[PDB]
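Chains as they are written, first to last, in the deposited numbering: chain z, 17 to 524; chain G, 17 to 249, 274 to 525; chain q, 29 to 246, 262 to 526. In what follows, a structure is listed as structure tokens, so that the remarks can point back to it.
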Amino acid sequence: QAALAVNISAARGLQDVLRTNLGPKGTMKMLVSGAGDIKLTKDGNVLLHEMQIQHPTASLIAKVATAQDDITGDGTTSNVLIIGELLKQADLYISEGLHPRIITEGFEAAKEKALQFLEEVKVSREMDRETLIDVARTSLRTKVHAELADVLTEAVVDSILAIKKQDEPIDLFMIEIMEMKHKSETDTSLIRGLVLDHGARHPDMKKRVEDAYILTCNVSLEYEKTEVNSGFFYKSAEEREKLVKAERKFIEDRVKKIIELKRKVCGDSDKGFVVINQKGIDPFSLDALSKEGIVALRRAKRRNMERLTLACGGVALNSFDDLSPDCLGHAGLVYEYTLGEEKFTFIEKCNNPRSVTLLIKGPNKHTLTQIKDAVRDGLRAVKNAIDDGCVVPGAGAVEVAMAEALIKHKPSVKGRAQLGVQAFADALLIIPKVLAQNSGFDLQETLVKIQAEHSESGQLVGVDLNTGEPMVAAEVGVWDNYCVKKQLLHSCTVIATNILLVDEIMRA
Amino acid sequence: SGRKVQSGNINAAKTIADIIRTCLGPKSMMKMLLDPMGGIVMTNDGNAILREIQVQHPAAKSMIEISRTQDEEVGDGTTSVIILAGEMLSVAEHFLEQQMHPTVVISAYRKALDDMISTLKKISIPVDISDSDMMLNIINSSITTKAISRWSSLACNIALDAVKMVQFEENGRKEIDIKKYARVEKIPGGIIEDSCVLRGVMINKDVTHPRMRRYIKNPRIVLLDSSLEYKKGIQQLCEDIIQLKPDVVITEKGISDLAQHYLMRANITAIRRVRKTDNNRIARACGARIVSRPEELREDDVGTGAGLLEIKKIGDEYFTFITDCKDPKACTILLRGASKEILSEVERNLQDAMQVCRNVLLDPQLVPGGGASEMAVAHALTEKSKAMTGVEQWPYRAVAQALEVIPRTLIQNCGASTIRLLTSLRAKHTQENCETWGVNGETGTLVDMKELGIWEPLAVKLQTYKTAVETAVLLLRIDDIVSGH
Amino acid sequence: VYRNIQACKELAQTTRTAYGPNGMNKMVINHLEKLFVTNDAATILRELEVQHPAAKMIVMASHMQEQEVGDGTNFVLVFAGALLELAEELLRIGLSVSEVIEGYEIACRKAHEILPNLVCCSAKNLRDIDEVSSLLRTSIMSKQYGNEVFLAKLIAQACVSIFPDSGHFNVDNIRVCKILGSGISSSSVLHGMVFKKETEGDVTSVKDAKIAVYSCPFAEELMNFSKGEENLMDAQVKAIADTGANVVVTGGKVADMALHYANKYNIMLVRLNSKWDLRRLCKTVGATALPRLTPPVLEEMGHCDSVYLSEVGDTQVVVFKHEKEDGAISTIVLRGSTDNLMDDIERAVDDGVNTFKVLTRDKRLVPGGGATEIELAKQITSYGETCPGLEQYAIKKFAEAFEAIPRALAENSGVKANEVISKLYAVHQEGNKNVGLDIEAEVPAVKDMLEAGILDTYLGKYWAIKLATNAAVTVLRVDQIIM
Ligand SMILES: Nc1ncnc2c1ncn2[C@@H]1O[C@H](COP(=O)(O)OP(=O)(O)O)[C@@H](O)[C@H]1O
Ligand SMILES: Nc1ncnc2c1ncn2[C@@H]1O[C@H](COP(=O)(O)OP(=O)(O)O)[C@@H](O)[C@H]1O
Ligand SMILES: Nc1ncnc2c1ncn2[C@@H]1O[C@H](COP(=O)(O)OP(=O)(O)O)[C@@H](O)[C@H]1O
């Protein structure tokens with residue numbers, strides 16, 4: 017009776033908050049932390065995750081929306097807007113009776129019809145560079161500056177096209193994004209291979225290593241001593257001061273074992289013996305091995321080690337011995353880069369060329385994070401587009417066509433479910449309206465123009481988000497993901513139904 | 017206070033201008049009147065809006081008074097005057113906060129007014145006079161969009177004949193016109209087609225018993241304010281009247297049957313219970329003279345007037361027809377119908393067209409309406425301010441940028457966006473030199489007004505602009521209100 | 029959004045007055061309760077507790093401008109403030125924020141290519157101390173008072189022209205040392221790092237020496268304890284005096300026994316080490332900090348060239364000159380009545396030397412004093428009519444935003460802003476680009492800067508315009524956040 021009205025109001029409020037973000041012309045929002053940190057972004061997922069929402073059912077809507085969006089690529093803001101408009105349209109009739117079950121049945125019938133229509137609307141255009149360029153542009157201009165998006169499109173599409181060679185759905189592990197704080201953000205491209213986070217304090221070991229072999233195995237040049245005897249330097253100081261010794265002998269034994277491996281499998285002092293350790297190593301033994309051509313490195317995290325295993329190879333353990341060279345891997349170029357004060361290890365031209373990283377050089381922290389999230393969203397969008405092999409027109413287009421199909425299908429259904437069908441159609445109308453509003457044009461004028469142009473053309477037509485006139489998305493190059501639309505319809509119907517079915521609020 | 021009083025005056029001006037800012041154009045929005053009894057009034061006219069509302073600030077009262085004085089002087093345009101004055105006084109806020117004196121603002125406003133006058137007189141399209149073609153075109157342009165569209169076929173020719181009935185040839189060529197001297201005869205009953213015209217004064221009063229020589233083939237009217245009595249024991277005044285031998289002598293007192301016989305002994309026809317608004321037009325159309333002092337009595341006491349008199353009792357009521365008057369400056373116009381609810385409005389719009397005609401005699405010019413003239417003069421000023429320098433250039437430009445409020449509100453109360461349309465209108469009005477386009481008031485779309493067919497008299501536009509500028513300078517010249525509260 | 033624009037307006041207003049050579053210096057009290065009087069805008073922003081996240085963006089933009097060019101910060105502030113004011117009025121008209129953003133970007137793109145067309149570049153080179161100092165005059169003229177600029181320019185230039193090698197310069201090379209006392213005129217140019225000392229047992233002719241760095245500053264039973272303390276101290280001074288050590292520094296005070304043992308080794312005892320001096324020494328000679336006395340070693344020890352006492356400045360100072368490059372480091376000695384005006388002069392010297400560094404990589408000079416701002420405003424507002432559509436409003440507002448710089452530079456100099464702006468704009472049609480705003484006359488008169496030599500760098504103006512436009516755009520694209 018009243019809990020339904022409360023839920024309607026909260027969903028409408030959330031829709032109003034999120035309204036001015038849909039579309040590439042949408043205005044970004046600023047997230048200031050309690051500590052003082054500031055985050056400026058527009059992606060629906062991060063807004064719903066990081067917002068300090070007050071209304072409880074609004075928090076529920078956000079939680080379920082982000083949970084379902086984690087499955088597909090994106091489309092969260094459109095989903096929230098559609099849920100809000102669905103609820104408003106339903107309430108418009110519930111105010112005059114209309115037990116919500118009737119509206120729910122109308123919603124499910126309209127969902128079935130819309131899924132069918134989307135099945136007959138999808139475009140099965142083949143694989144090529146240009147369509148995926150357009151997909152990346154569509155997915156990127158909705159998240160970041162226009163020119164920066166144009167820059168990022170080439171890198172993202174080339175990376176995904178390179179990874180596509182396996183002819184299986186693969187991502188995430190095989191593409192990594194590195195973080196660094198260069199002043200010039202223009203430097204952004206693909207780095208085929210692997211880039212380590214940081215190197216070590218070493219005076220001119222090799223610079224251009226060129227061909228080399230990788231074994232890792234967490235070299236113990238700073239092997240764990242016997243420092244821990246009893247708490248700290250107690251009255252029995254000779255323990256932690258003298259018994260702490262006799263472990264440097266283990267370090268030297270490891271040094272000779274590395275020497276044996278190097279001049280056993282390498283055959284000479286060249287052909288760098290690339291090894292990485294998770295903890296520190298003494299500079300003395302470091303330079304001693306460096307003079308022998310051994311590429312010794314230290315203080316790396318796990319993820320780079322498992323990345324190296326699947327790319328180059330090598331066991332990982334702090335305490336080791338002269339193991340077999342079976343786990344050893346080889347890299348074409350192990351060039352090390354340095355920019356000002358921080359050093360980069362470019363492990364390039366390795367075996368298994370699947371592992372590829374991307375370079376970003378944003379000036380500050382928040383721009384870096386925004387670029388990272390935009391790149392991730394673009395990668396997910398292109399991955400989805402390749403996986404389904406079918407794309408649908410954007411800029412609305414499908415929304416208005418589904419609306420026309422539902423409206424002409426309204427008399428077909430029996431009972432009062434026509435009310436639910438009409439509400440569902442008017443709810444799907446929200447997306448082109450929100451695009452037109454965010455562009456700066458008039459809601460109803462643009463909507464009428466789009467619908468009228470679609471009337472006698474038949475072909476999908478959408479909003480041109482620079483002049484407001486109708487445009488055919490196929491020719492311009494605006495594309496959406498078919499799986500995104502499927503998940504959108506399913507999730508919006510499910511959440512709207514669940515909110516509508518409630519009748520009472522009680523504490524617990 | 018200092019500039020605080022200036023800001024208060026122009027704030028009152030702004031808050032009274034936007035009250036009626038929405039009710040102009042062919043799609044004026046309605047207003048709500050809530051009297052403290054509960055009644056509610058539908059209103060489209062901003063004049064009645066200002067008349068009914070009550071204000072407390074002297075600036076608002078002065079502006080309302082100037083709007084009225086413009087209303088009964090030139091006719092229409094009161095809403096435009098108020099809007100323009102409010103807009104200029106509002107854009108003066110920016111400069112009055114620059115700590116820069118009102119005097120230089122005033123000088124800039126006066127220069128802007130002079131340049132606007134020049135550019136209106138330059139852009140005005142000519143019209144012919146005594147030609148029904150573009151007279152009816154003006155009827156279609158301005159006399160339309162009123163309650164006359166059903167009765168335009170009669171209003172048009174009524175005005176077109178009425179244009180030549182109130183002329184004074186004093187100093188030039190028919191440049192003098194007077195407004196109330198037209199003998200209006202508004203009487204309901206019968207069909208509206210019975211409304212006609214006549215050259216002469218039409219007097220609704222008549223003698224009680226017209227059994228005497230009322231009509232003479234050369235009425236030499238003599239006016240007298242004296243009262244006619246029985247006899248001397274005053275026949276002495278009648279005897280003195282006999283000296284100059286007139287045929288009609290007009291008084292303003294009742295006449296008895298024996299008084300009637302005493303008058304017809306001198307063969308003079310008197311009248312009673314007549315109005316001063318009738319006596320003055322009788323004298324104007326007849327060129328008579330009033331005198332009763334014996335010393336001043338000379339041969340000049342009798343002035344020949346009409347040449348034919350007639351009395352007709354159309355519908356058992358006492359009319360008096362005085363046709364073929366010596367001076368065709370106060371002549372009869374007839375009005376017929378059922379109710380005076382619209383015929384009054386049709387009449388008033390017809391004398392508005394009459395003023396249009398007399399100004400056409402002065403300046404046969406029309407300015408393109410629908411915001412065309414406003415944007416044309418704004419472009420003229422903005423291109424003119426480029427050459428001129430000095431600290432007063434900013435108000436000079438701001439007046440131009442402020443006068444475009446008329447097309448802005450025409451677009452606003454039509455539905456269409458007021459930003460894109462204004463930008464497009466300016467775009468096709470600067471580089472396009474010889475076009476002077478306007479905005480359609482109905483559909484809210486730009487259209488060349490030479491094609492739509494809307495034009496306004498030059499004189500009314502000039503009067504509106506001048507009154508707006510003078511109101512702005514007057515409200516900027518007031519440095520203190522205080523003589524009490 | 030109007031809340032953000034209002035906050036940025038307030039933050040621009042609070043530092044608007046300090047712009048120009050007649051900037052009204054403010055009183056500054058920090059959390060540890062000092063009392064500064066400073067006209068430097070960047071210093072004002074440092075002690076402003078700016079909490080509004082919108083104004084934080086403009087502050088970061090100013091920091092980036094200073095971090096890359098080192099001057100024009102307050103120009104960025106005032107330009108962004110004017111841009112936001114005009115964007116706010118455009119929004120109030122009814123224009124969408126997106127259209128304003130597009131217009132601002134187009135106008136900035138136009139200005140970036142208009143700018144290099146009004147340059148009167150440098151004369152011949154960084155050499156010819158008099159000429160190059162004349163170029164470096166305007167920055168110091170503005171940042172500190174306009175009186176002692178003629179001498180401050182020579183002082184700040186004679187030091188920086190020492191090493192114009194391979195066209196590479198570093199700001200940290202030109203260091204500044206404080207010597208209180210006499211007036212500014214007594215300041216001069218010296219070579220090598222300098223600070224105070226205590227002892228006098230110093231040797232002048234020194235080969236590559238050895239620096240010791242101290243990170244940690246300093262009845263028979265009583266006699267035996269005193270002897271034990273004495274012998275322990277002697278052992279420690281012998282241990283620190285080994286390996287041919289010649290100079291020692293410590294952050295503490297002097298002790299008669301400690302200085303006696305130092306002198307008996309023919310070693311002077313240097314004290315009064317500031318909290319900032321040790322890092323500068325370690326980076327300049329490749330030394331390291333030694334916590335206690337007992338671990339001295341030859342390897343953990345930095346090398347100097349010459350150490351001796353200089354009486355210049357009516358006081359005793361130490362000199363560490365002729366480093367590895369033998370000419371890289373070049374200090375400047377400063378003399379002043381107190382330390383409060385010392386900081387103003389050091390900031391003026393920094394704001395001059397960084398302009399010189401900018402000039403090293405760009406010989407282009409632009410007529411300052413509002414000349415270039417009014418020229419850009421005229422060019423952009425003329426281009427505005429050539430562009431029909433919804434972006435003309437934003438382009439015109441960009442021109443009016445350039446109009447703000449001479450406006451502020453006049454109104455903070457006791458001159459009617461509108462009058463001087465109108466006169467400048469009118470003259471600028473015939474009395475072309477090189478004309479600007481005269482400061483000397485109380486009457487609002489104009490004066491040419493090409494003759495007067497009031498010029499500012501091209502790269503600084505270019506980067507400042509770019510950064511200010513970017514800040515305004517990135518602060519216009521924010522809707523709200525709960526606060
Ligand atoms: N160039 C364009 N012109 C018009 N509409 C566009 C354009 N690019 C994207 N869109 C629309 O923006 C919508 C996606 O925006 P948004 O919801 O912010 O992305 P997501 O939520 O998937 O991160 C799509 O429905 C698409 O129709
Ligand atoms: N058909 C039309 N299309 C566009 N504008 C019109 C039209 N008719 C009248 N106007 C505009 O209306 C304005 C005058 O109307 P208004 O001042 O409200 O009437 P009044 O003068 O009686 O107060 C003129 O500026 C004219 O441009
Ligand atoms: N003598 C002068 N006359 C007129 N203008 C000057 C004079 N000296 C400097 N200026 C102007 O004042 C400005 C001062 O900039 P400044 O406030 O120092 O920036 P920042 O503080 O960020 O370094 C310069 O851009 C310059 O154009």
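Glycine included, every Cβ here is placed at the ideal spot set by N, Cα and C.
Is there a Cβ from chain q that is less than 8 angstroms from the Cβ of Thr36 (chain z)? yes
Test: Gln114 (chain G) CB closer than 8 angstroms to a CB of chain q: yes
Going by the C-beta, is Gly48 (chain q) closer than 7 angstroms to any heavy atom of ligand 3? yes
What span of residues does the beta strand (DSSP E) with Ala456 (chain G) cover, start to end? In the DSSP assignment, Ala456 (chain G) falls outside any beta strand (DSSP E), carrying neither H nor E.
I need the DSSP call for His346 (chain z), collapsed to helix, strand or coil. strand
Does any residue of chain G bring its CB to less than 8 angstroms from the CB of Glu485 (chain q)? Among the residues facing chain G, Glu485 (chain q) is not included, as its CB has no counterpart in that chain under 8 angstroms away.
Assigned secondary structure, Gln300 (chain G) (DSSP; H/G/I helix, E/B strand, else coil): helix
At least one CB of chain q closer than 8 angstroms to the CB of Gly484 (chain G): is that the case? By the rule that beta-carbons nearer than 8 angstroms mark a contact, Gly484 (chain G) does not touch chain q.
Name the residue from q:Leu333, q:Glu38 and q:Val104 whose alpha carbon lies nearest to the alpha carbon of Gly294 (chain q). q:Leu333
Paired residues, beta bridge with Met58 (chain G) - DSSP: G:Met48
Could you spell out the range, first to last residue, of the beta strand (DSSP E) harbouring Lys202 (chain G)? In the DSSP annotation of this structure, the continuous segment of the beta strand (DSSP E) that includes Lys202 (chain G) starts and ends at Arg199 to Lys202.
Can you tell me whether DSSP reads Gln359 (chain q) as helix, strand or coil? When secondary structure is reduced to three states using DSSP, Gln359 (chain q) falls in the coil class, being assigned neither helix nor strand.
Would you call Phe300 (chain z) buried or exposed, if buried means 16 or more other Cβ atoms sit within 10 Å of its Cβ? exposed
Taking 8 angstroms as the CB-CB cut-off, is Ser90 (chain q) touching chain z? no
Could you tell me which chain G residues have their CB closer than 8 angstroms to the CB of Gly427 (chain q), listed as they occur along the chain? Residues of chain G passing the Cβ test: none, with the nearest at roughly 12 angstroms.
Cutoff 8 angstroms: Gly122 (chain q) Cβ touching any chain G Cβ: yes
The segment 410 to 423 of chain z / the segment 75 to 93 of chain z touching (three or more Cβ pairs under 8 angstroms): The answer is no - the segment 75 to 93 of chain z does not touch the segment 410 to 423 of chain z, with fewer than three Cβ pairs under 8 angstroms.
Nearest-angstrom Cα separation, counted from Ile521 (chain G) out to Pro74 (chain G): 8 angstroms
Strictly below 8 angstroms CB to CB, what residues from chain z border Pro81 (chain q)? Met46, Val48 and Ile54
Do we get a CB-CB distance below 8 angstroms when we pair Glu418 (chain q) with the residues of chain G? It does not; no Cβ of chain G falls within 8 angstroms.
Are at least three pairs of beta-carbons, each pair with one atom in the segment 228 to 239 of chain z and one in the segment 337 to 349 of chain z, less than 8 angstroms apart? These segments touch.
For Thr361 (chain z) and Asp357 (chain q), the rounded distance between their alpha carbons: 55 angstroms
According to the neighbour-count rule (16 or more other Cβ atoms, all chains shown, within 10 Å of its Cβ), is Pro204 (chain G) buried or exposed? exposed
Just to make sure I have the definition right: I need the residues of chain q whose C-beta is within less than 8 angstroms of the C-beta of residue 526 (chain z). Which are they? In the structure as shown, chain z begins at 17 and stops at 524. Residue 526 (chain z) is therefore absent and cannot be evaluated.
Buried/exposed call for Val48 (chain z), threshold 16 Cβ in 10 Å: Under this definition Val48 (chain z) is a buried residue.
Show which residues of chain z have a CB atom less than 7 angstroms away from the CB atom of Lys439 (chain q). Chain z residues near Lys439 (chain q): none, gap ~19 angstroms exceeds 7 angstroms.
Using a C-beta to C-beta distance shorter than 9 angstroms, which residues of chain q count as neighbours of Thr463 (chain G)? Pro431, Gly432, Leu433, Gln435 and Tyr436, listed in chain order.
Spatial distance of residue 527 (chain z) from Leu210 (chain z) (CA atoms): Because chain z is modelled from 17 through 524, residue 527 (chain z) falls outside the range shown and cannot be assessed.
Any chain z beta carbon closer than 8 angstroms to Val521 (chain q): yes
Given that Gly430 (chain G) touches chain q, what residues does it touch there, using C-beta distances under 7 angstroms? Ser465
Rounded C-beta distance between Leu56 (chain z) and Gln438 (chain z)? I'm assuming under 8 angstroms. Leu56 (chain z) to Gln438 (chain z), Cβ: 40 angstroms. No contact.
Cut-off 6 angstroms between Cβ atoms - residues of its own chain near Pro435 (chain G), not counting five sequence neighbours on either side: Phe111, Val121 and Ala124
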